[PDB]
Amino acid sequence: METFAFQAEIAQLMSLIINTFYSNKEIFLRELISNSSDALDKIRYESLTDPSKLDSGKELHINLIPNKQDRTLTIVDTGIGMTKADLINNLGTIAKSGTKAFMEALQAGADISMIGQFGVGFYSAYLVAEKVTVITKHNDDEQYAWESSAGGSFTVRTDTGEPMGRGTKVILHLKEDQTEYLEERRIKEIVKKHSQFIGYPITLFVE
Ligand SMILES: O=C(N[C@@H]1c2ccccc2-c2c(-c3cnc4ccccc4c3)cccc21)c1c(Br)cnc2[nH]cnc12
């Protein structure tokens, strides 16, 4: 397990999201399902030139898994996945410019709900989660676990868990006052309103 520091602005945005009074928190799901669809679009497109890219799994789907006992909501996809370089360096480059523009826009009057237009919709997870664990597997790298409770740092380690084949698991360890996102009725209602036309099957698991 390696520990990394976020740059001042990104830690400032994460703190903005984790704190700040904003009631419309449900938009986090739309954002993560959108990141999942983007990842599925990427692997599917890559496979068009190289079909061996789907040897790691052919099914292209999104699963939404609530767990009342662990107080978690997992968003699972079988997309492109992320390499160690992505988790540490490349996505850090994306998160830097995107944070700058979103912070500029927020000051100018833009809403927290517009986060996805700046390519940092992933951080909207912190509207409902006190900790986010990302389990991911790209064809070109090993299975990794990324994790942050915000607070200015994140960790990356090789993941010893169940092999995923290919894709991403975004585990949301929800805040104690955000357990409504564990209810079937609530998740269904959010999926219909914001994510009804995603081009991949979304299965809402139950308990
Ligand atoms: O959205 C995706 N990734 C996320 C994303 C988007 C934009 C900017 C950063 C990140 C990020 C970081 C991160 C965040 N901040 C950082 C800041 C500094 C350094 C490294 C950092 C790393 C860590 C884990 C996951 C993601 C994503 C991808 Br792609 C592929 N398949 C998926 N399926 C579902 N989601 C995804």
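Heads up: numbering here begins at 1 and tracks the sequence.
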Minimum side-chain heavy-atom gap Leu106-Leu16 below 4.5 Å: yes
hydrophobic_cluster_shared for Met14 and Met114, side chain cutoff 4.5 Å: yes
Verdict with reasoning, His194 to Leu29, per side chain to side chain contact (heavy atoms under 4.5 Å, CB included): CA-CA 8 Å; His194 294 114; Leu29 193 67; over 6 Å; no
Selection residues 169-182 - residue pairs positive for side-chain hydrogen bond (donor to acceptor under 3.5 Å, both in side chains), sequence neighbours left out: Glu180-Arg186, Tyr181-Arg186
Partner residues of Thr93 under the side chain to side chain donor-acceptor pair (under 3.5 Å) criterion, sequence neighbours left out: none
Rounded distance [0.5 Å steps], OG in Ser124 versus CD in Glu26: 11.5 Å
Partner residues of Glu9 under the salt bridge (charged side-chain N to carboxylate O under 4.0 Å, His left out) criterion, sequence neighbours left out: none
Side chain to side chain, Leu73 and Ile187, heavy atoms closer than 4.5 Å: yes
Atom pair CZ (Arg44) and OG1 (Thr78), whose distance is rounded to the nearest 0.5 Å: 11.5 Å
Residues that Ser56 engages under side chain to side chain donor-acceptor pair (under 3.5 Å), provided they are two or more places apart: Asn139, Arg166
Counterpart residues, side chain to side chain contact (heavy atoms under 4.5 Å, CB included), relative to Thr3 (two or more places apart): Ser153, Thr155
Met164 backbone acceptor or donor facing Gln143 side chain under 3.5 Å: yes
Inter- and intrachain pairs under side-chain hydrogen bond (donor to acceptor under 3.5 Å, both in side chains), touching residues 98-121, at least two apart: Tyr22-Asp111, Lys100-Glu104, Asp111-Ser113
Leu172 vs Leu32 side-chain heavy atoms within contact, under 4.5 Å: yes
Any donor-acceptor N/O pair, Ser15 side chain to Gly151 backbone, under 3.5 Å: no
Which atom of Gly79 lies closest to which atom of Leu40, heavy atoms considered: N-CD2, 3.6 Å
Separation of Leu182 CG from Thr72 OG1 (nearest 0.5 Å): 7.5 Å
Residues in side chain to side chain donor-acceptor pair (under 3.5 Å) contact with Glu2, at least two apart in sequence or another chain: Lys84
Salt-bridge present (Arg157, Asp159; N to O < 4.0 Å): yes
For the student: nearest non-hydrogen atoms of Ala150 and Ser148, plus distance: N-OG, 2.9 Å
Closest non-hydrogen atom pair, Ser47 against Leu54: CB-CG, 3.7 Å
Heavy-atom closest pair, residues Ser36 and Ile75: OG-CG2, 3.8 Å
Nearest-0.5 Å distance, CD1 of residue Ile202 to CD of residue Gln196: 10.0 Å
Shared hydrophobic cluster, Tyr200 / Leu204 (ILVMFWY, side-chain heavy atoms < 4.5 Å): yes
All pairs passing ring pair (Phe, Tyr, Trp, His ring centres under 6.0 Å) where residues 68-87 contributes a residue, at least two apart: none
Distance (rounded to the nearest 0.5 Å) between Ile171 CD1 and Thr133 OG1: 5.0 Å
Contacts of type side chain to side chain donor-acceptor pair (under 3.5 Å), residue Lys188, not counting sequence neighbours: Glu184
Heavy-atom pair with the smallest gap, counting every atom of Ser195 and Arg30: OG-CA, 3.7 Å
Point-to-point distance, once rounded to the nearest 0.5 Å, from CD1 of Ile115 to CD1 of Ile27: 6.5 Å
Where at least one partner belongs to residues 110-156, residue pairs that pass ring pair (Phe, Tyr, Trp, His ring centres under 6.0 Å), sequence neighbours excluded: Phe4-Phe154, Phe6-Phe154, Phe102-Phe118, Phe122-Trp146, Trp146-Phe154
Heavy-atom check, side chain of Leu87 versus side chain of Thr136, under 4.5 Å: yes
Members besides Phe197 in its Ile/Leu/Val/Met/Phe/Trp/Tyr cluster (side-chain heavy atoms under 4.5 Å): none
Check: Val76 and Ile135 side chains under 4.5 Å, non-hydrogen atoms: no
Please tabulate, one pair per line, all N/O donor-acceptor pairs under 3.5 Å involving side-chain atoms of residues 60-71, not counting sequence neighbours.
| from | atom 1 | to | atom 2 | distance (Å) |
| --- | --- | --- | --- | --- |
| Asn67 | OD1 | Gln69 | N | 3.4 |
| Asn67 | OD1 | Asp70 | N | 2.9 |
| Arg71 | NH1 | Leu174 | O | 3.0 |

Side chains of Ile112 and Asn24 in contact at under 4.5 Å (non-hydrogen atoms): no
